[PDB]
Amino acid sequence: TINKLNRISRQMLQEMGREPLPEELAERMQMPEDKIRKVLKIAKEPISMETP
Amino acid sequence: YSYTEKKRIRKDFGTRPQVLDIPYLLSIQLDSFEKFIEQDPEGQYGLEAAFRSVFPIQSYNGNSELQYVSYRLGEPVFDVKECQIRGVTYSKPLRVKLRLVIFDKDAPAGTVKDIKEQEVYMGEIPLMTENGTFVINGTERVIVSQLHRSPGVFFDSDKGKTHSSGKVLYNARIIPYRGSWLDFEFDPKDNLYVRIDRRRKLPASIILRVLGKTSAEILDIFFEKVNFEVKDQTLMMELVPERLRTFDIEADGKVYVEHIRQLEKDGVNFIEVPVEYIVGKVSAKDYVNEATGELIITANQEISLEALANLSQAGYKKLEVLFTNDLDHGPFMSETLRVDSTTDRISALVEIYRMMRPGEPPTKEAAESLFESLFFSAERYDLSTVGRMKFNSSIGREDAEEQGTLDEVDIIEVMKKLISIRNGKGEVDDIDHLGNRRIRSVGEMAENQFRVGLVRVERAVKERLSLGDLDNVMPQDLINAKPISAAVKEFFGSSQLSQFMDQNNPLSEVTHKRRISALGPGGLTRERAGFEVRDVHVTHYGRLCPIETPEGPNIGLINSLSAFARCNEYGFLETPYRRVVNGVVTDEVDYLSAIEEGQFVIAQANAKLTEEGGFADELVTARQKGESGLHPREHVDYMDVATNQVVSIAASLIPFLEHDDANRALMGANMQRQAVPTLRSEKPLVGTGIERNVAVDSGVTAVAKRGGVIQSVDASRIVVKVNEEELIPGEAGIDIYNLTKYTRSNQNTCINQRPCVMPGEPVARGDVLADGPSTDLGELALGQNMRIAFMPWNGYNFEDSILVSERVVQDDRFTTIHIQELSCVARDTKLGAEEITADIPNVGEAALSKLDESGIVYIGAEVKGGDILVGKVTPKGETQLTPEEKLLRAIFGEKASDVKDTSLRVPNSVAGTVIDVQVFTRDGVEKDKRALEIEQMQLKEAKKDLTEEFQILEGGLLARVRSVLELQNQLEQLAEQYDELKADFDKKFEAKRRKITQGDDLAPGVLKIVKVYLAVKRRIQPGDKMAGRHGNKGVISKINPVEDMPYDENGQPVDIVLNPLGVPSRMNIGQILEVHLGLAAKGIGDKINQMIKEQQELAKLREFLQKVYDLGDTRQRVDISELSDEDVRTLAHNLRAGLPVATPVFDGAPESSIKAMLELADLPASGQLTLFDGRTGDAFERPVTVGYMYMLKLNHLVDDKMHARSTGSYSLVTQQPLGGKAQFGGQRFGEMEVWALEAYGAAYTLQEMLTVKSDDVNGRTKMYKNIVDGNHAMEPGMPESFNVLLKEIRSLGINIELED
């Protein structure tokens, strides 16, 4: 789901020139906006506690 | 004189006419980035080069390719101001036209079937503001130029630190712009070795074998040949006369010393030699007998006695051998061939593949592509144009101007030149020479990172084309803009050279945009830097300022561009010089670099010139090869263009710099960048004349783009009606300047633009309309003029302490405005959504008095520490309350709520006025009431300029309608133009309203953001750091009452009392001269004030002004008779507070002029007055130096340095107190404090500071309870860090334990 999210964001960014918003990115993936946000708010790779 | 300069003319004490005006201070940034973005038809600079370096993209199979046509940058979404407001990057979209072409497998290659061309988006390029800054993530940033090693070949040595022998090992090293390093060194046994990518050494001959060089060819290139023949059964030399200059000489009478010049006047082509002369010599060719079929003697083999006989029996009569000396020529290459183990090209390739890839099985084809990729491949090796020119200059090559890869002749000449240096001919290159170091600016760095991103996309595009399925694919399917955008964002946001913009004052602006750093990517390291790089090389004259380099670890590693320094087309610093012809000196100038500087002699501005325009002294001071000396007048070639050429802008603002030690001048230059703007900006009484340039070129001021008359003036807007000579046809005719009012800087300092114009007066181009921070009437104004007495006062100016009157505290001369940001972010959590509301539990009504209905404080609310700014409630989980707590709840009621108070409160010891509130809401979230009110406020503020423009356009149109009143045709035309204007206004307002109403792209998880701006007026108090411009810093020790401070005969008390003890030891005498000159200037100012007061006739005022401006033999010719009556009155009004005087650096006012102005002001010639003690009334028995000095308030305040803590937050792992005021941390008790307590014998204090105060978790709670009870006893336990250590050691499989 995350990979498809990124791929469709890539296609829409190429097509319309801007970064897709969570509204427009919902209809092309036929999946609800709330779940789009839920996938987006998934915690990314944690930042190390050693970073300068 | 310009209008803004005619209002307050600064008296100039310089004597040398100025030939070259100081150029734009920020050209180093603007020119670089313009080169980066502007179109390049020849494609050597800018994004064109980056696109042409990677494109076209070839697939592995060759079925298809992607080609590049052109590029453009679109219209930005926002402008700079709102990009700062929302917190987004100011950038333009890159749109590149590409064509996809497909080649058939059956048909021959190069046949075009169909082309698919279109415009694809490949990221957003951050633009540079006119002032030379970037807006990244809403913050202003500066890209700092880098001083790096120039690409090319560098010849250096060891100096003899490798081995105890007196021998010096020499080496050469080639640095490519992109590629792998290659070194040629000498070992301490006279052999030359090669090093690729800093690997283990290899004989140099390997890099020749791999290049198709047989041993005979190697000996041919690297040695000279001496030949022998067998004539009439006799051995025979050849004739080279220079070689001989001792067994005998077979030239009959030309014989010698069984000096050669004696009979070298006569020549004969024959010399006979014994057999013994050849035994010690080495061969040069390979000799094979057909009859024997074997190899008798090999090349580079020592010839033996039997070798001659066997060769003679073979029939060979000509024998050529090498030429070897002990001084001029050496056996280095021959011995290197003798120590190599290879014999053929492929064996050497195997050796270098084994070394390059240790342990890999020897593969031949891999070897070939490896070597071809190492240096001879354009993809992995690139010697830039600058590197190519440095290469062609170092080895003397004169061709291959566009080649970027090494070839045969390059390595051949590098070896030849290094061997020539080992022989004695030639010298090493200076590593710190500015001709060997280059300036790399924003354009080049952006090009490099853009090319990295382009390569990132190139890989994937090549792979996709290599798939081959190409039927319906338009080019916006292989291009992935996200990697390129990631690369540019990484460079512009996380590079060490992309730093936050130092925004204390305009001087900080300019000095940050003209800084050169030796650190950063491809640079140096603070710990690994050496003495040589930090030192001042002689090539720095006119290129880098020798004064301002930060004190400390970064000494010498960070430099400043000099006033007139420039960057050439290659990135090397150059400085201007006036040429001399026929002994006369010409106005026009040439820019010279470090290499071009060595040849000529260069005089300097201090050299006296005659009225005929030529040198007076026969022996003038000049420089050659970095050495100063006296040279004949007719030998001169160039002269310096200005006296401030060697010093940068910050040091050019120090008056009487030539009377100060370099250390204190450096401290003053560094410390003048830390000044904080005050409420009222006042000019420096004693200046250098550079202030106008810095103020204008900093961009803080509002500069008139076109001339005209100010139609309207307001504190926020200036409208100028442009003159009808600069009006482009069809234009409205007005220009609108909106002024920044109370905007937070990067350093929490007010940025305010103040109008300095009236309605109706005329303004020209370049005139100042508004004064920004630290600017007064277009002049840079950092500090304030303070009355200064140099005398000790009861120890309150001990060391560098400063004693300050109460008058300046009451007059708010050093009060500052600080704007602070506070943010409250309402997020979404697992328990629920965090809400911003006024229904805060467990809080009364008084704390909600300043809150509105939404839960946000009003604009203009006076808040103090602990006051709620944004009311926020957070959902919380169930609490298992303790038994006594549920007793309390049962008895008193007060049932618990479901929300906890997590609200934005004003920090302690902070009290100010709320001046702005910004609410940012995620799309799809209910916009609160306050968000709506702010939206309407911004709409109302924004429609005004469009309304005024539409009104003036419609007024002009209706005036045309009335003037016209065939008739119906003109009426219809006017109506349709009116409709067009209405439509244009509607479109502009629609775009605006869309911008304000547009939602905010917040981070995931956050629902609302509220930002509060607090304004704090910080007054001057003890502990604050105050300074001058000569390195004389200090900390205020007391705010003295007025009646207690020294005063003069007229009753005027001093303002600041300074210690004289710090002047003689620190060798900053420019401060005393500044005090004397300021005394004279304020004397003249009060004389003009008097003349104004009793309304004396304008004739006497004009005479006095002319007398003042004609003092000394100076270069300034001010004609008061050429000024109007009102202009003279304005000049007299602006000179009431003192006469501004300009003393340029190294061209300053002599003591005679200072005493003359003191006499004109009716003041003592010595500058010392009789002071009286305020406490006692008794006069001091020695005269005291009293005058006026420019004081600065540095951004080192005791308000944000005072910090205190008893118990707060603790670290997660170490269980130790935090570190820092912002985190409410504790002070560090390091190793040396422990040593000091051990030396004292304080076992108990040490134990307490180790266990209870830091990490004994139970100990600190028990100690707090005991102190509250009143016991002052401790029961120490085990430190937590030792348990962490024990666990960590046990995790390494080591049994560490405590015994009983």
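Summary of conventions: residues on each chain are numbered from 1 in written sequence order, possibly unlike the entry numbering, and any residue without coordinates is omitted from what is shown. For this description, chains carry letters from A and ligands carry numbers from 1, given in the order in which they are written. What you see is a piece of a larger assembly; the numbers all apply to this piece alone. Note: side-chain values were computed over all heavy atoms of the structure, leaving out hydrogens and water.

Method of determination, as annotated in the archive: cryo-EM, at 3.1 Å resolution.

1. As for the sheet that holds strand 50 (residues 912-921) of chain B
Residue and element names in this part refer to chain B. Here the rule is simple: two strands pair whenever DSSP picks up at least two bridges between them. A run of H or I in DSSP counts as a helix once it spans at least four residues, and a run of E counts as a strand once it spans at least two, with each numbered from the N terminus. Taken in spatial order, the four strands make up an open sheet running 43-51-50-45, and their pairing is antiparallel. Unpaired on one side and paired on the other, strand 43 (816-827) and strand 45 (862-863) mark the two borders of the sheet. Strand direction decides the pairing type here: strand 45 and strand 50, joined by two bridges, are antiparallel. From the neighbouring strand, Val 863 faces strand 50, where its bridge partner is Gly 912.

2. Side note on the packing of aromatic side chains
All names here are of chain B. Any pair of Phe, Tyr and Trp rings, taking the six-membered ring for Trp, is counted once the centres come within 6.5 Å. Such a pair is stacked with planes under 30 degrees apart, edge-to-face with planes over 60 apart, and tilted for the rest. The full count for this structure, using the stated rule, is 20 aromatic pairs over all chains. With a centroid separation of 5.7 Å and 55° between ring planes, the pair formed by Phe 51 and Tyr 71 is classed as tilted. Pair noted here: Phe 51 is in helix 3 (residues 47-54) and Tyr 71 is in strand 3 (residues 64-73), with a separation of 20 residues, a long-range link. With a centroid separation of 5.3 Å and 25° between ring planes, the pair formed by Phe 950 and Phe 985 is classed as stacked. The pair formed by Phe 950 and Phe 985 is uniform in burial state, with each residue classed as buried. Partly exposed residues are those whose accessible area sits between 20% and 50% of the maximum for their type, while under 20% is buried and over 50% is exposed, using a 1.4 Å probe and protein chains only.

3. A look at the environment of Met 29 of chain A
Residues and elements named next belong to chain A. When you line up the elements, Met 29 lands in the loop between helix 2 (24-27) and helix 3 (33-40). Since its relative accessible area comes to 7%, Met 29 is described here as buried. On a C-alpha basis, the gap between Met 29 and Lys 4 in space is 8.6 Å, while along the polypeptide they are 25 residues apart. Note on contacts: a residue pair qualifies if any of its non-hydrogen atoms lie within 4.5 Å across the two residues. In contact with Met 29, other than residues within four places in its own chain, are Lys 4, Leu 5, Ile 8 and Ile 36.

4. Remarks on the interface of chain A and chain B
In this complex, chain A contributes seven residues to the contact, which on the side of chain B involves eleven residues. Buried area counts how much accessible surface, traced with a 1.4 Å probe, disappears from two parts once they are put together, with both parts' losses summed. For chain A, the biggest contributors to the area lost against chain B are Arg 10, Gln 14 and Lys 41 of chain A; these three give 47% of the whole. The working definition used for a salt bridge is a side-chain nitrogen of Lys or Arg within 4 Å of a carboxyl oxygen of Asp or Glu. Where chain A meets chain B, there are one salt bridge. The shortest N-O distance in the salt bridge between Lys 41 of chain A and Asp 828 of chain B comes to 4.0 Å. N or O atoms closer than or at 3.5 Å make up a polar contact, with two conditions inside protein: a donor-capable atom paired with an acceptor-capable one, and, for residues adjacent in sequence, both atoms drawn from side chains. Remark: the boundary between chain A and chain B carries two residue pairs in polar contact. Each residue is assigned to one class: nonpolar for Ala, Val, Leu, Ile, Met, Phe, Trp, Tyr, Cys and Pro, charged for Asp, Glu, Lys and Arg, and polar for all the others, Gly among them. Its residues assigned to classes, the side of chain A that touches chain B shows one nonpolar, two polar and four charged.

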